[PDB]
Structure formats: structure tokens, C-alpha cells
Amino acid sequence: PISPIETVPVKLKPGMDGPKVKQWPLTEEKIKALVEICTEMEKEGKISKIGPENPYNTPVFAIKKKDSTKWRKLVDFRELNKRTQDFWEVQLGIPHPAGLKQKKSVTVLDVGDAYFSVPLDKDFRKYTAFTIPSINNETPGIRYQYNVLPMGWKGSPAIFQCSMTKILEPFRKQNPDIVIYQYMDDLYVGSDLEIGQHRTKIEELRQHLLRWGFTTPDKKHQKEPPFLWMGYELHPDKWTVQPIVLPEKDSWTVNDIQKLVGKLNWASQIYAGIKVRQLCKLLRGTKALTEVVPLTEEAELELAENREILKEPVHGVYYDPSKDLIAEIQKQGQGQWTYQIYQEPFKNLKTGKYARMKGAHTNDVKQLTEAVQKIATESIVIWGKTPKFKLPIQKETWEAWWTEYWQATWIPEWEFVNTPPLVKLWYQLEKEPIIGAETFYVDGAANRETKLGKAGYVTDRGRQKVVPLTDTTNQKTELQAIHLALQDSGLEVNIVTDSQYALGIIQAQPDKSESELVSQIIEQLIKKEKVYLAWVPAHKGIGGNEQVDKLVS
């Protein structure tokens, strides 16, 4: 049926006209298949025949269903979508099963026949024109247009979700206690109500949807646990991610790949390590949805590892507002962080991994800070509140960090959990010069034309040094010069530099770095007992800074 809901006004992009893409030729089998399909959705009012005055056209294909003899009417709206106005994505994300409160009565309704039930703006309908071609190229083709939201058109998801929401609106007011989640095909309805009283409310909703042109098949109607909902299996006490099976095809088409990527993108939110880069690279340079795409070596290996990842079972419990939210973080290798969000011990709501691979120089303290923020933000999205944190860092460690850190930083309510590897400041620069310690006056320079340079030091104990450097820069030689001072010295040192760059990155006190140079400097600082780093304005007649600058330049 077709909903009596008010259409949503749609326009093309400013200065753009409708699509005029020529229809490709088709087999007599495919053509006659499309004629049978179009005939059915013509008498159901989903499409209408149009006159020869309509200049617009969008290509259509005829593909068979997966393991079925039935034909599908596929339309390539890529040209119309480019010319269609932008819509605002209202949702801030996907509903998480752990965001659901436990309900005594649960029903998941199938509203799959929903796209072809929402009317399209009458002014826009002409731009969705398509042609069923003729084999003889002499008989004119049958031309239709959509009266309803087309599958694959840019505005279909947004306008549908908007339509559904407005239709569900009065039912939710009449039933503020009943929880309703909508997401395309699946319609979740939960209540702490007796079955008979609940099932009656279900029929009330279905009749409400039916009057608004939305049918709910009793075949896909789910009555008893477990309930399938958005790729999740809902049990009364727990929820389980249903096994995600990836297709196995000899010949992949463009349509197949993008559907795979879309599916893998959804799974990447639940599973860690899901990659789609090598599959997306296959798509670049394609012209048709039916175009066959050969999997490269990197692509088929990427798909293979994705399969192994999706084999891991994922499950969790439901949310209980009466208990507090607890979030615990622990440090792992390669700057990776894992976390669990629970309320009762060993009853996780959400489990995930955070891989921090953005930046050159950092420490475990800053990485933990950013992890807390990411978790706090997620919790607000799902539960509307921030959790109490359990962090593997001493209260003294953190206090020594934020009080000396030039930059403003802060962490919410948190208690310490003693479980290695703990987050620790591996070193700390002195606030005052070290007495009795050798004073290294450090400088370095480099030729911008030849990438050649020198680096060295002069000390108050008469010790001097200068080392030739190749393939370096003005910034690299300044770090190498400090690195030299750390190398040829005791466990306590004063280092004077004129480099604002070199000074800056050591003030942040990093414990890990992409640079082999910085990493070695970090290793040196850890082995040292006391290190004071001082800055001096270059070229102003400062003693030690003078002798070392002339020796390097």
C-alpha cells in the first residue's frame, strides 16, 4: 500500500538538471522479467507510465536474487544522487543493544515493505524516470517514473526515517512506558507488561501502521526468544551478536563489493581490526554496478582476515539505570588500549579496543587521557551519562603530571586499579640546574642546499666535540646535538640549547616516538638520574653557546 503521509519537498542541486543516462541493452529474458516486475508495482501504484515529453532517464538492470529464480529490479541512481540536494543525517549513530533496559515482554516486528510505501514528492518524480528497453531498437521502450521512495536514491533513507518517526509519534505519546526502536526492517517493541496485555498492544501498533500504509507480515513476526534485531540476538538476560557471514563468490561485481564494504563498515563498530581499504581501492575506476571486479592479492587477504575476526563471539548484558556505570582501562602493546564497560563485575555492556596511531611523539599519560574522553563520549551517546573510571595509574602519578604540564588537562571521577602494565612517567626534567653536574653547551646546524650539517657540544670541563651529519635538517641536527650530550655524559647533566624546536618536544616528556632519533633520546633520559634542559636566545654573545655555534656553522 501507499502511505497517506505528507510528502517531503525535494529539490535538485542549484543549477543542475535531471539525469539523462542512456539505457544499456538487455537480454530478452531480463527485459521480460522487468516487464513483469514493473507491471506489478504499476498496479500497486508504486510506478506510473509516462509520456514522451519526459527527457530524463536512469539506467536499470535485471539481477536474480541470491539463490533464487526470482528477478530483481535494480536501478543505478548514481547520476540522480549527484544532482539531488543534500539531506541532513539526523542520527548521531547506531543504537547499541547494551543501551536497552531489560524488558519482560519483547516483540520485533518486520517492516521491510517500507521503502515502497512512502510517497515521493510529486514535483521530483519525473527525475526518477527509467526505460525498459526493446531488443529490436525499433519498438519504443516502456517508460515509467517512481511515485514512491526508490531503492537506492539519495533521499530515500532520510525521508523514510522521517516519515516513520512522525507516524510512530502519536503511538509513543499514548504509550510513554513502551520502548520503541526503529531501524529500517526491524521494529523493536519492549514493555514490562504481561504477555496478553502486551500482545494486544502489539496488534494496536500494527493496525496503526497498517492505516498509515505500513504492513507487518505475520511470517517474519517474532513472538518468542531469542529475537533477531539489527544483527543482534536478544535474550531476556543477555544479547548476542549473530554470526556475520561474508559471501563467497567467483566473480565479484561493483554492487557486491560496495554491499560488502557497507556490511564490514557496520561490523567494524563491534569488532576491532576490520579493514576495508584494499576493497575500496578496487572500486575506483568503475562505471557500472554490474561490472565484474577481480580481487587483488591484498584485497582477498584483507577479506580473509575479516572472516577470522568475525568468528569471535560477542555478547553482553543489558543496562540498569539503578546501578552506576563502571569503565575500566588497561594498557596493551603498540600503544593499544582495551576497555570494558560494566555495572556488575564480569557482566560487560560494551567491550572495545582503542588504537592510538595519530601523532609522532606522545606518552602513556596523554594516551590514557584521550582514551577516557572517547569512552566518556560513547557512554553519553548510549546511556546519557559518564561512567566511574578505574584507571591503571597512581593518584600521585597523575598529580605530578597535570601540575607540571604547561597545558590544561583533567580527568573525571576515577579510582586506581593495580594491574600492570601501569601508566608511569618514565622520566622528569629538573626544575633547577644540577650542581656538580657537567654543563653541555649544545648546538647544531645544517646546509639547506646540500642537507649536510654538524652537531656538537662544548662543556665547562673543557670537553668539546663535533660530528658530521648527512641527510639531515636544521631541526634534526638540533636533536642530534642534544643526543650527543646525553651520550657522552654522566647520570646528571645540564644541557643548554638555543633550539625552540628541540626544547619543545622534550618538555612534553614523551616515552614513545616514530623517530629513531627521539626514541634514543627518550631511552637516554630514562637511564639518566637527573637532567636539566635550559634554553638560550641564539646569537647574543652567550659564552658556551658562542663557541659551539661557530664550531657547527
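Sequential numbering from 1, following the sequence displayed.
According to the deposited model, is the average Cα temperature factor higher in 148 to 156 or in 192 to 200?
It is 192 to 200.
If you average the CA temperature factors as listed in the entry, which stretch comes out higher, 385 to 393 or 444 to 452?
Per the deposited B-factors, the answer is 444 to 452.
Looking at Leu100, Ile341, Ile411, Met164, which one carries the largest C-alpha B-factor according to the PDB entry?
Out of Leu100, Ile341, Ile411, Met164, the record gives the largest C-alpha B-factor to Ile411.
Quiz for you: based on the deposited Cα B-factor, which of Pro321, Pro119, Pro420, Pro247 is highest?
By C-alpha B-factor in the record, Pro420 ranks first.
Lowest, middle or highest third of the chain for the C-alpha temperature factor of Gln547?
It falls in the top third of the chain.
Could you tell me which third, lowest, middle or highest, the C-alpha B-factor of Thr470 occupies within its chain?
For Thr470, whose C-alpha B-factor we compare with every modelled residue in the chain, the answer is the highest third.
Looking at the temperature factor on the CA atom of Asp488, which third of the chain's modelled residues does it land in?
CA B-factor rank for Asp488: middle third.
Looking at the temperature factor on the CA atom of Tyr427, which third of the chain's modelled residues does it land in?
Tercile = middle for this residue's CA B-factor.
Within this chain's modelled residues, let me know which third the CA B factor of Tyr181 belongs to: lowest, middle or highest.
CA B-factor rank for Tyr181: lowest third.
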